[PDB]
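Peer 1:
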Amino acid sequence: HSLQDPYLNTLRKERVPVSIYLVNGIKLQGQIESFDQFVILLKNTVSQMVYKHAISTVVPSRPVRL
Amino acid sequence: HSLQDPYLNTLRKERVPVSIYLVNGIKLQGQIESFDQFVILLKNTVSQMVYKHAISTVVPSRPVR
Amino acid sequence: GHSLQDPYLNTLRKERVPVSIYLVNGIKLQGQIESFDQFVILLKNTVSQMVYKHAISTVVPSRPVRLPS
Amino acid sequence: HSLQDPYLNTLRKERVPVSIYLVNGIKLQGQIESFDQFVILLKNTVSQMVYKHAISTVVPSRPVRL
Amino acid sequence: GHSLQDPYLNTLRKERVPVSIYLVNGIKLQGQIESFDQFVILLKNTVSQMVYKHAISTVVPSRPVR
Amino acid sequence: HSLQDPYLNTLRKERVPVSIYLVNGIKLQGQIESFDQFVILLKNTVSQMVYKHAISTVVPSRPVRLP
Ligand SMILES: Nc1ccn([C@@H]2O[C@H](COP(=O)(O)OP(=O)(O)OP(=O)(O)O)[C@@H](O)[C@H]2O)c(=O)n1
Ligand SMILES: Nc1ccn([C@@H]2O[C@H](COP(=O)(O)OP(=O)(O)OP(=O)(O)O)[C@@H](O)[C@H]2O)c(=O)n1
Ligand SMILES: Nc1ccn([C@@H]2O[C@H](COP(=O)(O)OP(=O)(O)OP(=O)(O)O)[C@@H](O)[C@H]2O)c(=O)n1
Ligand SMILES: Nc1ccn([C@@H]2O[C@H](COP(=O)(O)OP(=O)(O)OP(=O)(O)O)[C@@H](O)[C@H]2O)c(=O)n1
Ligand SMILES: Nc1ccn([C@@H]2O[C@H](COP(=O)(O)OP(=O)(O)OP(=O)(O)O)[C@@H](O)[C@H]2O)c(=O)n1
Ligand SMILES: Nc1ccn([C@@H]2O[C@H](COP(=O)(O)OP(=O)(O)OP(=O)(O)O)[C@@H](O)[C@H]2O)c(=O)n1
Ligand SMILES: Nc1ccn([C@@H]2O[C@H](COP(=O)(O)OP(=O)(O)O)[C@@H](O)[C@H]2O)c(=O)n1
Ligand SMILES: Nc1ccn([C@@H]2O[C@H](COP(=O)(O)O)[C@@H](O)[C@H]2O)c(=O)n1
Ligand SMILES: Nc1ccn([C@@H]2O[C@H](COP(=O)(O)O)[C@@H](O)[C@H]2O)c(=O)n1
Ligand SMILES: Nc1ccn([C@@H]2O[C@H](COP(=O)(O)O)[C@@H](O)[C@H]2O)c(=O)n1
Ligand SMILES: Nc1ccn([C@@H]2O[C@H](COP(=O)(O)O)[C@@H](O)[C@H]2O)c(=O)n1
Ligand SMILES: [Cl-]
Ligand SMILES: [Cl-]
Ligand SMILES: [Mg+2]
Ligand SMILES: [Mg+2]
Ligand SMILES: [Mg+2]
Ligand SMILES: [Mg+2]
Ligand SMILES: [Mg+2]
Ligand SMILES: [Mg+2]
Ligand SMILES: [Mg+2]
Ligand SMILES: [Mg+2]
Ligand code: NA
Ligand code: NA
Ligand code: NA
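Residue numbers (PDB author numbering), protein chains in the order written: chain B, 5 to 70; chain D, 5 to 69; chain F, 4 to 72; chain C, 5 to 70; chain E, 4 to 69; chain A, 5 to 71.
#1: Flag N13 (chain D) as yes if its beta-carbon sits less than 8 Å from any beta-carbon of chain B, otherwise no.
#2: I need the DSSP call for residue 4 (chain C), collapsed to helix, strand or coil.
#3: Quick check on the contact list: which residues have their beta carbon closer than 7 Å to a heavy atom of ligand 10?
#4: Does the distance from the C-beta atom of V22 (chain A) to that of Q35 (chain A) stay below 8 Å?
#5: Say the cut is 7 Å; is the CB of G29 (chain D) nearer than that to a heavy atom of ligand 1?
#6: Is the segment 26-33 of chain E touching the segment 47-57 of chain A, taking contact as three or more C-beta pairs under 8 Å?
#7: Using the Cα positions of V54 (chain C) and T61 (chain E), report the straight-line distance between them to the nearest angstrom.
#8: Using 10 angstroms around the beta-carbon of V68 (chain E), count the other beta-carbons present and answer buried if the total reaches 16, otherwise exposed.
#9: Assign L70 (chain C) to buried or exposed, taking buried as 16 or more other Cβ atoms, counted over all protein chains shown, within 10 Å of its Cβ.
#10: Cα-Cα, which of B:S6, B:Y25 and B:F39 is closest to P64 (chain B)?
#11: Quick check on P64 (chain D): does DSSP put it in helix, strand or coil?
#12: Give, in chain order, every residue of the segment 32-51 of chain E whose Cβ lies closer than 8 Å to some Cβ of chain A.
#13: If the cut is a Cβ gap below 8 Å, which residues of chain C does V54 (chain E) touch?
#14: Just to confirm, does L26 (chain C) get its C-beta within under 7 Å of one of the non-hydrogen atoms of ligand 5?
#15: Hey, does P21 (chain E) have any beta-carbon neighbour from chain C nearer than 8 Å?
#16: Using a Cβ cut-off of 8 Å, which residues of the segment 55-66 of chain B contact any Cβ in chain A, in chain order?
#17: State the Cα-Cα distance for the pair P10 (chain C) and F39 (chain C), rounded to the nearest angstrom.
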């Protein structure tokens with residue numbers, strides 16, 4: 005988790021808009037509200053729970069630093 | 005489970021209708037009756053048992069805390 | 004595991020409740036649960052078969068059944 | 005594996021013709037030559053090692069008893 | 004693991020048997036197995052490629068092996 | 005981890021251009037900036053975090069030294 009956790013935490017704390025892409029090709033958009041080992045809480049209209057096992061890639065709207 | 009459990013449990017307790025989206029694009033709907041480490045029981049006619057490994061997202065029909 | 008899944012499958016097993024088992028690729032199987040363990044479900048009817056749980060999305064009983072408490 | 009292991013072992017010992025369906029819908033056919041925790045070695049003109057993670061169902065050509 | 008997979012892959016590696024590796028999405032990769040660990044297989048050719056076992060359905064040797 | 009980690013570390017230190025194929029057939033291109041047990045940070049027009057569980061293959065643009 006030495007990369008994933010600080011990365012997700014940075015996006016969370018700075019409230020960076022992100023896109024989360026799913027394995028079926030669906031694009032979800034919002035901000036990382038929180039996360040644990042297995043899931044990410046993505047906010048916009050409501051805060052939906054996204055299982056990491058379904059995610060292919062997380063792409064921030066702007067570059068960020070760790 | 006610091007987040008998954010309390011979130012699912014809040015949805016369960018408040019009886020909030022949800023959409024559960026499967027990794028193949030299928031959409032399920034109902035209320036969460038119960039859950040464990042590996043499954044979610046989704047009610048609305050007969051209950052159905054949904055394997056977490058097949059779920060992409062759980063989306064509440066209204067915001068919760 | 005787990006605390007909900009096993010008694011639910013065992014209830015379908017013991018009561019011979021006919022079920023639909025949907026696979027991750029959209030295939031629907033139908034029969035009765037004859038047996039199961041941690042990783043597989045043995046499904047019987049027209050033909051008997053072993054189903055890996057990793058390929059299953061949902062199990063839907065033909066009628067309501069008692070849920071685990 | 006209380007059920008999986010004796011079931012695969014019986015198909016093996018009794019040379020039962022089986023059909024193996026993969027998660028992508030491909031059907032493989034033959035007989036179980038051997039297996040371990042993660043893979044099945046399938047035979048019949050073409051020997052191949054199949055990863056259990058890609059298998060949806062194993063369907064024998066006649067019922068087995070355990 | 005394990006008791007079948009490892010000697011099977013190791014035999015293919017030592018004997019430099021050309022193999023076909025089918026991915027879960029139906030793509031076929033070809034080459035010779037250069038190396039492997041618990042999670043990946045390195046498939047040697049022009050450039051080698053690192054293949055994640057979780058993406059593999061079957062390994063199919065070009066010739067019967069033992 | 006004996007093969008995977010030094011292989012990615014080589015790609016990373018040497019900044020080798022790579023293609024990353026996802027299990028759904030999508031091809032990503034760039035360079036490996038960093039990685040851990042579960043994710044790879046892929047640098048292109050902007051960095052993106054890719055879960056290893058969604059990756060099928062990693063193919064360098066030129067031959068590299070193997071572990
Ligand atoms: N996490 C998600 C969200 C949506 N979708 C796909 O996108 C479609 C539509 O999603 P959405 O934009 O949320 O509109 P819906 O009102 O859910 O459309 P419908 O319920 O009629 O399917 C769904 O059927 C589903 O196939 C998906 O696969 N995964
Ligand atoms: N401590 C952990 C555990 C897992 N994960 C992420 O969550 C995914 C695993 O989620 P899970 O739902 O538990 O896995 P499965 O869907 O069962 O995948 P598999 O069958 O390959 O085990 C991993 O790929 C990893 O990306 C993580 O970030 N940190
Ligand atoms: N958990 C589920 C539910 C259904 N489906 C897919 O959605 C299709 C139709 O949904 P549904 O009406 O719930 O099932 P069926 O009774 O088979 O549909 P129909 O009677 O319209 O053929 C099914 O064929 C199945 O491929 C799925 O993949 N996973
Ligand atoms: N566990 C299963 C069972 C079936 N199917 C798909 O369902 C299709 C047709 O089902 P069925 O007729 O039962 O199997 P077939 O192989 O088509 O039998 P046959 O061609 O001899 O009629 C198969 O091609 C297979 O891809 C699947 O993907 N997973
Ligand atoms: N384990 C397997 C076996 C086959 N297939 C798919 O089935 C297709 C056709 O099967 P096959 O006749 O074996 O095609 P080839 O791979 O081209 O076989 P060959 O060139 O040796 O004739 C393959 O291309 C592949 O997409 C697959 O997805 N996974
Ligand atoms: N490990 C791989 C390699 C290929 N593909 C699929 O196969 C398609 C094309 O095959 P190929 O021609 O070999 O890939 P290209 O992207 O066109 O690269 P190149 O032609 O230079 O090999 C890709 O779009 C990709 O969807 C895949 O999913 N997994
Ligand atoms: N004790 C267990 C272990 C796994 N399982 C189920 O089996 C799935 C994992 O099976 P598997 O080991 O075949 O997974 P893959 O990594 O092969 O996809 C989990 O997602 C659970 O649904 C279970 O129900 N109880
Ligand atoms: N601690 C856990 C264990 C499993 N799970 C769910 O159950 C599934 C178990 O699959 P594995 O056996 O491969 O771990 C995961 O894919 C995940 O959806 C979870 O969400 N939290
Ligand atoms: N202890 C175990 C773990 C996995 N398995 C099998 O191996 C596959 C699981 O692969 P995962 O390694 O990715 O855990 C499944 O087909 C499962 O039935 C097993 O048969 N015994
Ligand atoms: N010890 C291990 C662990 C995993 N594996 C293979 O790797 C798969 C899981 O890899 P992932 O961690 O990438 O999901 C298993 O299903 C199995 O095919 C193995 O062959 N030996
Ligand atoms: N030791 C480890 C642990 C995880 N992994 C990667 O992280 C992913 C974790 O998902 P799973 O737990 O579902 O296997 C694996 O699919 C694999 O690609 C790895 O490559 N080596
Ligand atoms: Cl019910
Ligand atoms: Cl191909
Ligand atoms: Mg599950
Ligand atoms: Mg699993
Ligand atoms: Mg897991
Ligand atoms: Mg696994
Ligand atoms: Mg796996
Ligand atoms: Mg694994
Ligand atoms: Mg690593
Ligand atoms: Mg995986
Ligand atoms: Na598992
Ligand atoms: Na009942
Ligand atoms: Na798929």
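Where a beta carbon is used, it is the ideal one built from N, C-alpha and C, also for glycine.
Peer 2: Quick look at the numbers:
#1: Sequence index remark: in the second sequence, residue 13 (chain D) carries index 9 (1-based). Chain B, which has no Cβ nearer than 8 Å to the Cβ of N13 (chain D), makes this no.
#2: No answer is possible for residue 4 (chain C): it lies beyond the span of chain C, which begins at 5 and ends at 70.
#3: Cβ atoms closer than 7 Å to ligand 10 belong to C:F42, C:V43, C:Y55, C:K56, C:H57, E:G4, E:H5, E:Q8, E:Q41, E:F42, E:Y55, E:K56, E:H57, A:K56 and A:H57.
#4: Start at 1 with the first residue of the sixth sequence, and residue 22 (chain A) comes out as number 18. Start at 1 with the first residue of the sixth sequence, and residue 35 (chain A) comes out as number 31. The answer is yes: Cβ separation under 8 Å.
#5: By 1-based counting over the second sequence, the position of residue 29 (chain D) is 25. It does: the Cβ of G29 (chain D) is within 7 Å (strictly closer) of some heavy atom of ligand 1.
#6: Segments in contact, no.
#7: The residue given as residue 54 (chain C) occupies position 50 in the fourth sequence. The residue given as residue 61 (chain E) occupies position 58 in the fifth sequence. Roughly 4 Å separates the two Cα atoms.
#8: Within the fifth sequence, numbered from 1, the residue matching residue 68 (chain E) stands at position 65. With fewer than 16 other Cβ atoms within 10 Å, it is exposed.
#9: Counting from 1 along the fourth sequence, the entry for residue 70 (chain C) is found at position 66. Around the beta carbon of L70 (chain C), fewer than 16 other beta carbons sit within 10 angstroms, so the residue counts as exposed.
#10: Indexing the first sequence from 1 puts residue 64 (chain B) at position 60. The residue with the shortest Cα to Cα distance from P64 (chain B) is B:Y25.
#11: The count along the second sequence starts at 1 and reaches residue 64 (chain D) at position 60. Reduced to three states, the DSSP call for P64 (chain D) is strand.
#12: Under the 8 Å Cβ criterion, the segment 32-51 of chain E contributes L32, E37, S38, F39, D40, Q41, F42, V43, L45, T49, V50 and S51.
#13: By one-based count along the fifth sequence, residue 54 (chain E) stands at place 51. By Cβ distance, chain C contributes nothing, its closest Cβ being about 12 Å from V54 (chain E), past 8 Å.
#14: Position 22 of the fourth sequence, counted from the start, is the residue given in the question as residue 26 (chain C). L26 (chain C) Cβ: within cutoff of ligand 5.
#15: In the fifth sequence, the residue the question calls residue 21 (chain E) occupies position 18. The C-beta of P21 (chain E) comes no closer than 8 Å to any C-beta of chain C.
#16: For the segment 55-66 of chain B, the set of residues with a beta-carbon nearer than 8 Å to any beta-carbon of chain A comprises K56, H57, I59, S60, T61, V62, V63, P64 and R66, in chain order.
#17: Here residue 10 (chain C) refers to the residue found at position 6 when the fourth sequence is read from its first residue. Here residue 39 (chain C) refers to the residue found at position 35 when the fourth sequence is read from its first residue. So the alpha carbons of these two residues sit roughly 11 Å apart.
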